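Order of writing sets the chain letters: A, B, C, D, E, F and G. Residues in each chain are counted from 1.
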């Protein structure tokens, strides 16, 4: 699941960069705020470079959720050796936060794609 | 954690069942009330035009 | 051999230093949303969509930094 | 295995540096909720739901960083 | 022993670096409660219950980090 | 031996820059959530500066991650 | 051995990214909060944000060239 998540996220990042480059062949380009200054081409850490960082951050949700569930093996040996009822409440809160993180990660990926489509048509 | 997740999701699905039926009343049940009000207004307009 | 195995345990310790920015970032967005909701009337939607989307962007640094320490251990 | 045994004890100590961000996050979310409730009248629900959900997101960094130091012992 | 014994003493000192977040957390919750109580009249309960419950959550990070340094020295 | 053991240390201390990139996304979101409740910067206006400001603040984390990934 | 110390120069030099990452958000927080007070929209505050961000990002570009030069020359 970890290797399939990084491979699926890399294909979505290449499609976002290819769609923005195809629209620049008939609607100018620029994409730079000018305010009586220069050195705007050196800070090209967005658009093309931003797709690589957004794909690794969105694809890491599958690996982070598996790390929380795999951490119960270290707490299972100590609870079967204070009362052990504190581990049940902590595992229930981490499972609810991991399931709710999938909806927040899906909304963050759709919000990032809306900025690329709106800037390519302006 | 498997038994705690099944018990917590059972209580959340029970409260969501009442919320889904109540939220559907403003769209599904509201369509029947809107169609009945439109049919009553069309019947009064047809009776006034026939008179 | 022996030097490469000892560096794997220390590589996962210093890489977890980024949890201070990701942990405090989840509370910085929640502090402004709780204090701003009582000022009327950013409750339903409007500011609710930016709080859910802003929390996932701030927490992305902790998930990316955790993959480096997990790959070296 | 002399170098790997000494690195396991040092790896669990430097990995606990992330508790500063998780510990201060529980107080940052509680400071805005206590000062915002006195403005009338964010008490029942409204701001009470965001404080409980916001504290769980900030505490996730402390629980995730503690599993790294516990697995190396 | 030798290498493992020297790493146990140094591990109890580096693990105590997390006390800065737990120590400053008790003052951050007390500063908002003292400044907010002057607006009249959050005294009994209300603000006193959130300050007592909020201080226990911030102190959980320091108590959990102290058990790691204490287990390596004993 | 010495070059292989130094590769693990080259990716551990290099990830310390995530504190600036992680807290930067929350600093721009705190001013945007508190400013939107003052009426009525919703569509565009303040939304364009918050979307463009979040990508510039996240550029530091992408450059620091490429250094740790190249040595590991 | 010079190859062992060359890898450490590219990791400890990245500690300066905290000032460049937080500086881009500090200038954006004052510009977003000041534009909602009517009516610093066209130019004025928008033109100073592009020039002000280049001064804060100059420290991160100079510090990144030091660690990149040790890994190649």
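By our rule, contacts are C-beta pairs under 8 Å (C-beta built on N, C-alpha and C of every residue); 3 or more make two chains touch, one makes a residue touch a chain.
Across the two interfaces under comparison, A-F and A-G, the one joined by more C-beta contacts turns out to be A-F. When subunit C is fitted to subunit D on its Cα atoms, the angle of the rotation, on a 0 to 180 scale and to the nearest 5, is 35 degrees.
With respect to subunit E, maximal separation of chain centres occurs for B (centres as means of Cα atoms). Think of the whole protein's Cα atoms as having one middle point; the chain whose own Cα middle lies nearest to it is C.
If you average the Cα atoms of subunit E and of subunit F, the two centres end up 28 Å apart. Chain geometry summary: the mean Cα position of subunit B and that of subunit D are 43 Å apart.
Averaged C-alpha coordinates give centres for subunit A and subunit D that are 21 Å from one another.
Along subunit D, residues 2-3, 6-8, 10, 12-14, 17-18, 20-22, 24, 26, 28, 31-33, 35, 37, 55, 57, 60, 62, 64, 69, 71 each make contact with two or more other chains. The residues of subunit A that reach two or more other chains are 43, 56, 64, 67, 96, listed in rising order.
On subunit A, the positions that touch subunit D within their shared complex are 64, 67-68, 71, 74-75, 90, 93-94, 96-97.
Within the complex formed with subunit B, the residues of subunit A that make contact are 69, 72, 88, 91-92, 95-96.
Interface residues of subunit A, counted against subunit F in their complex, comprise 43, 45-46, 49-50, 52-53, 56, 115. On the side of subunit G, the complex with subunit A involves touching residues 43, 46-48, 50-51, 54, 57, 61.
Listed in rising order, the residues of subunit D touching subunit C in the complex are 2-4, 6-8, 10-15, 17-18, 20-22, 24-26, 28-29, 31-33, 35-37, 39, 42, 46-47, 50-51, 53-55, 57-58, 60-62, 64-65, 68-69, 71-72.
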